[PDB]
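This document opens with one chain alone, in C-alpha cells, the form deposited in one PDB entry.
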C-alpha cells in the first residue's frame, strides 16, 4: 500500500512552474508524470506539515475529475507525483492562449468541475483554492482539479467576501468553495477575469470584502443559457448561507446541459 518512491526511480525534466509550497516539473516515473518538489536542503517543520497534508488529502481521492495522485517521496527532496496532463490549465486556455471554446464545451467543463467538487465535498474535503489555474484540462477534454494545500473535516479574486475579510476563526467552508466555483463559471461564460476595468488590486479586495463590488453578470456570452446565468448569481451570493451546495449545482448543470443541443 504505502505510496513512497525510492530515491533515483524518478527522473526530473522541464521546470514548468510553481504551486502551493513548491516547484512543478515534468518528469518520468512509469510513464511521464507531474512532480511537485519542495527542493531546498533542510525541510521546514511547517512545510513538513504542509507536504504531509496534501499527500494525506490526495491519497483520499480517486475520481476521474481529481488529478490522480500517484506517489510521493521524501529523500532526496519532498515530492508529490501525479499523472501528467497534456494541454493546459483552464486559466491558461482562457486568459493566456485565448482558446475560444463553445458553449456546449464550456458547459461540459463546468459540469466536470462541479463533478469533482461534489466528490471532494462528499468525502468532506474543502479545496480552499479552486480557481482556473488549478483546473487542468487533460487531453483538452477531461477536467482534473488539482492543488491541495488545504483542509479536511494570493489569488484573490476567487475569494468569497467572508474569506476576504478574515473576521472569525474559520471563514473557509463548502460555500466558499462554491463561491470560487462561481468565479470559474464567470471566466468560462465571459472569457474574462472579473473586474477587468479596475486597475488596482487593493481596491478590488477592499470592495469585494465590503460587498460594494461584485462580478458583473451582464458580461456573459449571449448564447449562455438563462439557467446558467441564474445559477452563477446563486453561487456568487454575498451571503455565505444563501449559496447552493454542490449536489444541487451538479443537478442544475446536468439539467440545462441536457436541454441545450437545440
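Rigid core here is just the name for the largest C-alpha set that superposes within 1.5 Å across the two forms. Positions refer to the first chain, counted from 1.
Below: the form deposited in another entry, not depicted.
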After superposing on the rigid core, which residue among 78, 94, 126, 107 shows a C-alpha displacement of 2 Å or more between the shown form and the other one? 78
Is residue 234 one of the residues whose Cα moves 2 Å or more between the shown form and the other one, with the core superposed? no
Using a rigid core superposition, assess whether residue 194 undergoes a CA shift of 2 Å or more between the shown form and the other one. no
At a 2 Å cut-off on C-alpha positions, does residue 203 qualify as shifted between the shown form and the other one after fitting the rigid core? no
Given a change of 3 Å or more, say if the Cα atoms of residue 22 and residue 159 sit closer or farther in the other entry than in this form. closer
Against the displayed form, residue 139 vs residue 51 by Cα, in the other entry, with 3 angstroms or more change: pair is farther
